[PDB]
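Here the structure comes first, spelled out in C-alpha cells, and everything after it is commentary.
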Amino acid sequence: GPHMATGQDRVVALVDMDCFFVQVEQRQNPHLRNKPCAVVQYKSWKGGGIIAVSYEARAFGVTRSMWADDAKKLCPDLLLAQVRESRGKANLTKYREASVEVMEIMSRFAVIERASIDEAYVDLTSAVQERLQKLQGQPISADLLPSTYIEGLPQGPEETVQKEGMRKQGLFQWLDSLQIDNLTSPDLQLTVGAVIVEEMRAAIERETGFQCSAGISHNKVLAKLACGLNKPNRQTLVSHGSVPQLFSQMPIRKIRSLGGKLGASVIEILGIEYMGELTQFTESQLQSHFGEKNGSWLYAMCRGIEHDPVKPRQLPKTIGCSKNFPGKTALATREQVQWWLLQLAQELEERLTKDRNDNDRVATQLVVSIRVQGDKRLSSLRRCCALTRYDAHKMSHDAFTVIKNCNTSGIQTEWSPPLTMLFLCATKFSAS
DNA sequence: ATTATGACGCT
DNA sequence: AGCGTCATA
Ligand SMILES: [Ca+2]
Ligand SMILES: [Mg+2]
Ligand SMILES: [Mg+2]
C-alpha cells in the first residue's frame with residue numbers, strides 16, 4: 001500500500017556507443033562509412049579475430065569472436081580495419097582516446113559512471129528537476145523526442161505498418177496520457193529525462209561524429225536493458241509501469257549480472273525461465289538459494305527496483321596490458337618471458353606516464369598475472385608487488401622476480417610449463 | 001587459437 | 001591478498 005517503495009526516486013540513463021570501434025575507424029576513413037565493416041585484431045591466424053561489427057555487416061550474420069576468414073564466407077564484401085600493433089601486440093589507444101572524447105561531452109550534462117570503454121551511466125535526477133522548473137507546467141512536444149521509443153506502446157487500437165510510424169504512435173499515446181501538472185510524477189520525470197538524453201546524444205554526434213543508443217529508466221539495470229531494446233541510433237524509455245509486461249517474457253539471462261552461472265542457477269533451482277516469474281517467491285526463499293545479498297537483489301529487481309548508485313567515476317581504476325600466447329606460440333624460454341614482459345612494461349609505462357600528466361594521480365601497486373599451458377582459467381596465478389617508479393625495465397624486472405618461481409624446468413634457460421598469457425596491471429591510484 | 005581489457009564479490 | 005565472476009570492444 002502507502003508504505004511499499006516502488007523504486008521510482010531516480011532518473012538514470014545508460015548511453016552506449018553503436019558498434020564503437022567500427023565508428024572510430026569509419027570517422028577516420030570515410031571509405032568505410034555506411035558499409036558492412038568490422039574491426040579485427042591480428043591477421044595471420046584465420047584473417048584475424050573480429051571484435052566489432054557494423055550494423056550493415058551484422059545483417060549478413062557477422063558477429064564478434066568470429067574469424068575474419070569465416071566472416072568473409074558470410075559477407076564477401078566485408079571491409080576490415082585492423083587494430084594497431086605496437087611492441088608486438090594489439091594497442092587500443094585510438095579507441096581509449098575516442099572514449100575520452102565522448103565521456104567528456106557526457107560529463108557536461110551530468111555526473112557519469114564510466115561502465116566500459118563505450119558506455120556510461122548518467123544520474124539525471126537533478127537535471128530533470130531543473131528542466132521541470134524551466135518548463136513551468138508546459139507540455140512536452142513529440143518534437144523534443146525525435147528518436148525515443150516508449151517500451152510497451154503503442155497498445156490497443158494503417159501507418160503502423162512501418163517502424164517509424166509505430167514509434168510515433170507509441171510516443172503519442174505516452175504523451176497524451178502524461179500529467180505535466182505534477183512535478184513529482186515519475187513518468188513525467190522519465191520523459192524529461194528522455195528529452196535531456198536526446199540533447200546529450202545530439203551533442204555527442206555533433207561534436208564527435210559518433211552515434212549512440214540510450215536507455216532511460218529509474219535505475220541502472222532497467223536503463224541498461226532499455227538501451228538494448230532499440231539499436232542503433234535510438235533511445236528507449238522503460239517506465240515503472242512497463243515492467244510487469246516486459247519481464248513476463250524476458251529471459252533471466254538478459255538482465256545484467258544474471259548472464260552467467262548465477263542466472264543459470266536461478267533457472268535450474270527455481271524451474272523458471274522469465275524474470276517476472278521471480279515475483280512468486282518470498283525474499284526469504286530467494287535468500288535461501290542465492291545468499292542474503294543476491295536474494296534481496298532478485299526480490300526487488302524482478303519488481304523493477306534496484307538501488308545501486310551511479311558512481312561519480314569517469315576514469316578507469318586500473319591500467320593494464322595483456323597478451324595471450326596461444327597454441328604453439330607459448331613462451332618456453334626465459335629470454336622469451338623477459339622480452340615480452342618488457343614489451344608489456346613499455347606500453348604500461350607509456351600509458352601510466354600520460355595518465356599521471358592528464359589526471360594527477362599515480363598507481364602504487366603492480367599486479368602480475370600469468371596462465372600456464374593446460375589450465376582453462378583466465379589467470380593461473382596472480383601476484384602483486386610495489387610499483388614505486390614509472391620505469392619499464394624496473395617493472396618488467398619486478399614482474400619476473402615475482403613469477404620466476406613458477407618455472408618447473410630444472411634448467412635455468414628453459415621455461416616450463418610454457419606460458420600462454422602475461423598480464424601487467426597498475427592499480428591502487430593516489431592523488432599526485 | 002577470440003583477445004584485450006576492466007569492475008567488483010568472496011574468503 | 002589471491003581467486004572467481006561477469007561484463008566490455
Ligand atoms: Ca556499444
Ligand atoms: Mg557497450
Ligand atoms: Mg557489444
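Letters A, B, ... mirror the listed sequences (proteins, then strands); counts begin at 1. Values below: all heavy atoms of this structure, side chains included; hydrogens, waters and symmetry mates excluded.
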Hey, does the side chain of [X] come within less than 4.0 Å of [N]'s phosphate (OP1/OP2), counting only N and O?
X	N	result
A:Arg377	C:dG4	yes
A:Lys376	B:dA1	no
A:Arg351	B:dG6	yes
A:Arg96	B:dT5	yes
A:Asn324	B:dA1	no
A:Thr318	B:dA7	yes

Donor-acceptor contact below 3.5 Å, side chain [X] vs main chain [Y]:
X	Y	value
A:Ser54	A:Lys35	yes
A:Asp355	A:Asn357	no
A:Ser242	A:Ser239	yes
A:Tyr95	A:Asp118	no

Nearest to side-chain heavy atoms of A:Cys321, which nucleotide of B:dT5, C:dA9, B:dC8
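The listed nucleotide nearest to A:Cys321's side chain is B:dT5.
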
Looking only at side-chain atoms of A:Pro316, point me to the closest of B:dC8, C:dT8, B:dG6.
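In terms of side-chain proximity for A:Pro316, the closest of B:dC8, C:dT8, B:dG6 is B:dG6.
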
Verify whether the ring centers belonging to A:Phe290 and A:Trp297 lie closer than 6.0 Å.
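No, the ring of A:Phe290 stays outside the 6.0 Å limit from the ring of A:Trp297, centre to centre.
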
May I have the distance from [X] (atom [atom1]) to [N] (atom [atom2]), rounded to whole angstrom?
X	N	atom1	atom2	result
A:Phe21	B:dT3	CZ	P	16 Å
A:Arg382	B:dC8	CZ	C1'	12 Å
A:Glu119	C:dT8	CD	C1'	6 Å
A:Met301	C:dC6	CE	P	17 Å
A:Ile117	C:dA7	CD1	P	19 Å
A:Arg84	B:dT3	CZ	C1'	18 Å
A:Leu424	B:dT3	CG	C1'	16 Å
A:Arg371	B:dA1	CZ	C1'	10 Å

Please report the C-alpha distance between A:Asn230 and A:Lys163 in whole Å, then the side-chain angles of each, then the deciding distance to 0.1 Å, and finally whether the side chain to side chain donor-acceptor pair (under 3.5 Å) criterion is met.
CA-CA 11 Å; A:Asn230 296 283; A:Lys163 203 183 191 209; 3.1 Å; yes

Describe the nucleic acid contact of [X] in one word from base, sugar-phosphate, nothing, applying a heavy-atom distance below 4.0 Å.
X	result
A:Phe20	sugar-phosphate
A:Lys328	nothing
A:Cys384	sugar-phosphate
A:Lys94	nothing

Got A:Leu278 and A:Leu286 here, is their nearest side-chain heavy-atom distance under 4.5 Å?
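Yes - at least one pair of side-chain heavy atoms lies under 4.5 Å apart.
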
Below 30° counts as parallel, above 60° as perpendicular, anything between as tilted: where do the rings of A:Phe20 and A:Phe210 land?
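It falls in the perpendicular class, over 60°.
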
Which residue lies toward the 5' end of DNA chain B, A:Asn294 or A:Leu315, if each is placed at its nearest nucleotide?
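Upstream on the strand: A:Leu315.
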
Within 45 degrees of the ring normal and closer than 6.0 Å to the centroid, is that where the cationic atom of A:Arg58 sits relative to A:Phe60?
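No, cation not above the ring by the 6.0 Å, 45° rule.
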
Between CG of A:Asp308 and OH of A:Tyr121, what distance do you get to the nearest 0.5 Å?
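OH of A:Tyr121 is found 8.5 Å from CG of A:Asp308.
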
Does any residue of residues 35-70 of chain A have a heavy atom under 4.0 Å from DNA chain C, and if so, which ones, in number order?
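A:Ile51, A:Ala52, A:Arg64 - these, ordered by number, are the residues of the stretch whose heavy atoms sit under 4.0 Å from the strand.
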
Residues touching DNA chain C, which here means a heavy atom under 4.0 Å, drawn from residues 255-269 of chain A:
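Heavy-atom cutoff 4.0 Å gives A:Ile255, A:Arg256, A:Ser257, A:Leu258, A:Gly259, A:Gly260, A:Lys261, A:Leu262.
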
For residues 416-430 of chain A, which side-chain donor-acceptor pairs fall under 3.5 Å, sequence neighbours excluded?
unit_1	atom_1	unit_2	atom_2	d
A:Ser416	OG	A:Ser409	N	2.8
A:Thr420	OG1	A:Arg371	NE	3.3
A:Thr427	OG1	A:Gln365	OE1	3.4

Gap in Å between the two P atoms, one belonging to C:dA9 and one to B:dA1, rounded
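Their P atoms lie roughly 25 Å apart.
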
